[PDB]
Amino acid sequence: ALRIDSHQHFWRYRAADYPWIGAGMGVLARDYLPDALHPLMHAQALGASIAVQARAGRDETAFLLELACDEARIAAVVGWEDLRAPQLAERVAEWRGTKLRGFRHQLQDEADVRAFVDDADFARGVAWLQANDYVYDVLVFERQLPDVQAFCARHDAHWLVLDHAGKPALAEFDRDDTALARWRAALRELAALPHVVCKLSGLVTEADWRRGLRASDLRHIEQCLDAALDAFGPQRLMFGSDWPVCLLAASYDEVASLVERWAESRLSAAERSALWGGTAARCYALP
Ligand SMILES: [Zn+2]
Ligand SMILES: [Zn+2]
Ligand SMILES: [Zn+2]
Ligand SMILES: [Zn+2]
Ligand SMILES: [Zn+2]
Ligand SMILES: [Zn+2]
Ligand SMILES: [Zn+2]
């Protein structure tokens with residue numbers, strides 16, 4: 001019954017080091033450390049979380065590992081390294097045995113994602129990660145999903161986790177169903193690969209949070225949850241809060257509640273257990 005928040009961040013805030021924290025995101029412009037996450041998780045009966053890199057650099061990985069060293073309720077860390085470096089194996093050696101369970105690059109920020117993932121040096125590193133049972137978290141915008149389809153097919157030796165369900169363009173759902181249909185087609189192409197699993201996190205901030213979440217936004221999010229459910233199946237879905245980023249749109253309790261309401265209506269008891277931590281535990285190999 002292990003319950004896990006599979007996607008959250010920590011930071012000591014410095015503006016220049018967090019360029020993605022921009023205008024209208026003032027709520028994020030402060031420190032978010034384990035002490036602040038504690039009571040949020042207790043309130044939702046989540047026993048542990050997985051801390052994920054919030055900026056590029058070895059020092060982010062070192063930072064998260066130090067936090068994880070001292071807090072039992074951080075079960076794992078998804079870090080950052082230069083996966084193209086031939087010295088990757090030797091740079092990672094000091095982390096073997098620790099809570100480090102995977103890596104993520106911010107692929108969404110690359111100008112040509114297809115070219116990036118096909119780089120020989122990059123492919124070598126990802127190959128090395130998989131041979132050593134490291135997970136890789138895939139982070140892209142929905143339109144970039146075709147750009148990584150073949151990358152995912154090739155690297156089928158260990159688990160790949162799709163962050164935020166592929167970031168459906170929820171702010172565009174209002175016009176018509178084109179955005180849902182486009183994203184859903186690409187999602188299904190990735191979901192057909194059995195080594196790919198899906199994080200149900202980060203949806204409230206893909207909606208137009210600036211104007212404030214609306215009833216329609218909740219309905220649209222439910223369309224995406226259903227779609228992810230249909231494509232991946234209940235055993236490849238994991239809850240994640242995306243705290244503190246989620247706070248742009250909703251409180252930690254509202255994020256959890258939204259998922260729990262959907263889950264209780266769609267899923268069996270056993271399937272809920274997988275969503276709420278069983279899937280995270282097995283993909284990230286959590287004790
Ligand atoms: Zn506590
Ligand atoms: Zn293996
Ligand atoms: Zn193969
Ligand atoms: Zn609508
Ligand atoms: Zn196909
Ligand atoms: Zn529905
Ligand atoms: Zn995030």
Side-chain angles (χ1 to χ4, degrees), residues 4-11 18 20-21 28 49-56 60-61 64 75-81 83 100-110 113 116-117 122 126 129-130 134-149 151-152 155 158-171 183-184 186-191 193 195-207 209 221 224-225 227-229 231-232 236-249 255 258-259 275-277 279-284 286:
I4 304 289
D5 182 353
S6 76
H7 182 107
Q8 48 84 191
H9 308 281
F10 292 120
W11 55 73
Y18 299 85
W20 54 269
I21 297 186
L28 303 182
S49 68
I50 292 182
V52 178
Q53 62 88 210
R55 56 184 297 271
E60 172 71 358
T61 307
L64 294 177
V77 161
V78 173
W80 193 95
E81 256 295 345
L83 304 185
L100 178 74
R101 289 298 200 279
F103 289 88
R104 191 173 75 157
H105 185 84
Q106 280 141 274
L107 294 181
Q108 58 175 55
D109 299 328
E110 302 294 327
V113 180
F116 188 91
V117 297
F122 188 73
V126 176
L129 295 181
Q130 297 206 318
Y134 287 108
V135 185
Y136 181 83
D137 276 49
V138 177
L139 178 66
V140 293
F141 299 117
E142 50 109 354
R143 293 195 183 260
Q144 287 160 352
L145 295 166
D147 289 331
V148 301
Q149 173 68 33
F151 165 85
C152 291
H155 297 286
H158 200 60
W159 303 105
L160 302 171
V161 181
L162 177 62
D163 277 5
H164 306 337
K167 298 179 74 144
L170 277 162
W183 162 82
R184 178 182 64 184
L187 188 73
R188 293 179 174 172
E189 283 303 297
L190 285 170
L193 303 172
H195 65 289
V196 180
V197 302
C198 192
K199 269 180 178 178
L200 304 188
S201 48
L203 293 189
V204 296
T205 49
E206 297 304 313
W209 57 268
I221 289 174
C224 297
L225 295 173
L229 172 58
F232 287 91
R236 292 187 290 168
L237 306 174
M238 54 180 73
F239 163 80
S241 69
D242 200 34
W243 176 94
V245 179
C246 67
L247 295 168
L248 295 174
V255 169
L258 168 70
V259 171
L275 170 70
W276 284 105
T279 296
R282 74 174 176 107
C283 297
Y284 291 103
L286 301 184

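Residue numbers start at 1 and run along the sequence shown. In what follows, every heavy atom counts, from backbone to side chain, and hydrogens, waters and symmetry copies are set aside.
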For a 4.5 angstrom cut-off between non-hydrogen side-chain atoms, does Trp243 reach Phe10?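 Sidechains of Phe10 and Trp243: in contact.
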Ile21 side, atom CD1; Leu28 side, atom CG - distance, nearest 0.5 Å: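 That separation rounds to 5.0 Å.
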Atom of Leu64, atom of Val77 and distance for their closest heavy-atom approach: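 Taking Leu64 first and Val77 second, the nearest heavy atoms are O-CG2, 3.8 Å.
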Indicate yes or no: at least one non-hydrogen side-chain atom of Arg188 is less than 4.5 angstrom from one of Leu190.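 Side-chain contact under 4.5 Å: no.
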Could you check whether any side-chain heavy atom of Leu160 comes within less than 4.5 Å of a side-chain heavy atom of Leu162, counting everything from C-beta outward?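 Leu160 does not reach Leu162 side chain to side chain.
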Once ring pair (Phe, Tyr, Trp, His ring centres under 6.0 Å) is applied, do any residues pair with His158, and if so which ones, sequence neighbours excluded?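 In terms of ring pair (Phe, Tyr, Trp, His ring centres under 6.0 Å), with neighbours along the sequence ignored, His158 is linked to no residue.
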Start with the C-alpha gap between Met238 and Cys283, add the side-chain angles, then the distance that decides, and say whether side-chain contact (heavy atoms from CB on, under 4.5 Å) holds. CA-CA 10 Å; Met238 54 180 73; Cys283 297; 4.1 Å; yes
Main-chain N/O of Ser241 paired to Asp5 side chain as donor or acceptor, under 3.5 Å: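 Pair found, side chain donor or acceptor close to backbone of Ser241.
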Taking all atoms of both residues into account, what is the closest heavy-atom pair of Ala75 and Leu286, and its distance?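 Heavy atoms of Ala75 and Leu286 come nearest at O-CD2, 3.8 Å.
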In terms of the angle between their ring planes, are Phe239 and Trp276 parallel, tilted or perpendicular, with boundaries placed at 30° and 60°?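 It falls in the tilted class, 30° to 60°.
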Distance-only, no hydrogens or angles: does the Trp183 side chain make a donor-acceptor pair with backbone N or O of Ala165 under 3.5 Å?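 Side chain of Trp183 to backbone of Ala165, a donor-acceptor pair under 3.5 Å: yes, one is there.
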From CG (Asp137) to CG (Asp163), nearest 0.5 Å: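 Answer rounded to 0.5 Å: 4.5 Å.
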Does some side-chain heavy atom of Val78 sit less than 4.5 Å from a side-chain heavy atom of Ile50?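 SC-SC contact between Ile50 and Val78 confirmed.
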Could you work out, with ring pair (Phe, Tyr, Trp, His ring centres under 6.0 Å) as the rule, every residue matching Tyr284, not counting sequence neighbours?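 Partners of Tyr284 under the ring pair (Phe, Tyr, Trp, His ring centres under 6.0 Å) test: none.
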Working to the nearest 0.5 angstrom, can you tell me the gap between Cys224 SG and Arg184 CZ?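 Going from the SG atom of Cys224 to the CZ atom of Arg184 covers 10.5 Å.
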State whether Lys199 and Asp242 are salt-bridged, where the test is any N-O pair (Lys NZ or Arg NE/NH1/NH2 against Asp/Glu carboxylate O) under 4.0 Å.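 Not counted as a salt bridge, because no side-chain N and carboxylate O are separated by less than 4.0 Å.
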Within the side chain of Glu60, is there an N or O that forms a donor-acceptor pair under 3.5 Å with the backbone of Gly79?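 Side chain of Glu60 to backbone of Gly79: no pair is present.
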Should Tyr134 and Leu100 count as side-chain neighbours, where that means a heavy-atom distance under 4.5 Å?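 Yes. Closest side-chain heavy atoms under 4.5 Å.
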What verdict does the side-chain contact (heavy atoms from CB on, under 4.5 Å) test give for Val117 and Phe122, after you've listed the backbone C-alpha separation in whole Å, the side-chain angles of each residue and the deciding distance to 0.1 Å? CA-CA 6 Å; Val117 297; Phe122 188 73; 4.1 Å; yes
CG/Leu139 to CZ/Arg104 distance, rounded to the nearest 0.5 angstrom?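 The CG atom of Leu139 sits 4.5 Å away from the CZ atom of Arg104.
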Give the C-alpha distance, both sets of side-chain angles, the deciding distance and a yes or no for side-chain contact (heavy atoms from CB on, under 4.5 Å) between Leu248 and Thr205. CA-CA 7 Å; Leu248 295 174; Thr205 49; 3.9 Å; yes
If I compare all heavy atoms of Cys152 with all of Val138, which pair ends up nearest, and what's the gap?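 Minimum heavy-atom contact is SG-CG2, 4.3 Å.
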Can you confirm whether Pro168 sits close enough to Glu142 that some side-chain heavy atom of one is under 4.5 Å from a side-chain heavy atom of the other?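 No - every pair of side-chain heavy atoms lies 4.5 Å or more apart.
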Might you point out which heavy atoms bring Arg236 and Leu193 nearest each other, and give the distance in Å?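 Nearest heavy atoms, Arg236 then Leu193: NH1-O, 2.9 Å.
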Which atom names give the shortest non-hydrogen contact between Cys246 and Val204, and what distance separates them?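 Here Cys246 and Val204 meet closest at O-CG2, 4.2 Å.
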Before you tell me yes or no, could you show the steps for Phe232 and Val196 under side-chain contact (heavy atoms from CB on, under 4.5 Å), namely the whole-Å CA-CA distance, both residues' side-chain angles and the distance that decides it to 0.1 Å? CA-CA 8 Å; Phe232 287 91; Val196 180; 4.1 Å; yes
Minimum heavy-atom separation for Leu145 to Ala186, with atom names?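 Taking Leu145 first and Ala186 second, the nearest heavy atoms are CB-CB, 3.8 Å.
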Side-chain donor-acceptor contact under 3.5 Å, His105 with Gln53: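 Their side chains do not contain a donor-acceptor pair, so the 3.5 Å distance test is not met.
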Scan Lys167, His164, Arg143 and name whichever one has a side chain to side chain donor-acceptor pair (under 3.5 Å) with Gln108.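 Among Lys167, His164, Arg143, the one meeting side chain to side chain donor-acceptor pair (under 3.5 Å) with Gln108 is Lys167.
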Check for a donor-acceptor pair, side chain of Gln130 on one end and backbone N or O of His155 on the other, with a separation under 3.5 Å.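 Judged by distance alone, yes, a pair lies under 3.5 Å.
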Side-chain touch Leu203/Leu170, heavy atoms, less than 4.5 angstrom: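 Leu203 reaches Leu170 side chain to side chain.
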Is any side-chain heavy atom of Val113 closer than 4.5 Å to one of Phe151?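 Answer no - side chains too far apart.
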Please tell me whether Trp20 and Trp11 form a close aromatic pair, meaning their ring centres lie under 6.0 Å apart.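 Ring-ring flag for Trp20/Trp11: true, centres closer than 6.0 Å.
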As an exercise, state the distance from CG of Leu200 to CG of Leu237, rounded to the nearest 0.5 Å.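 One finds 5.0 Å between CG of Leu200 and CG of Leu237.
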Would you call the rings of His7 and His9 parallel, tilted or perpendicular, taking 30° and 60° as the class edges?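 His7 and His9: perpendicular rings.
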Are the side chain of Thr61 and the backbone N or O of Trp80 linked by a donor-acceptor pair below 3.5 Å?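 Checked: pair present.
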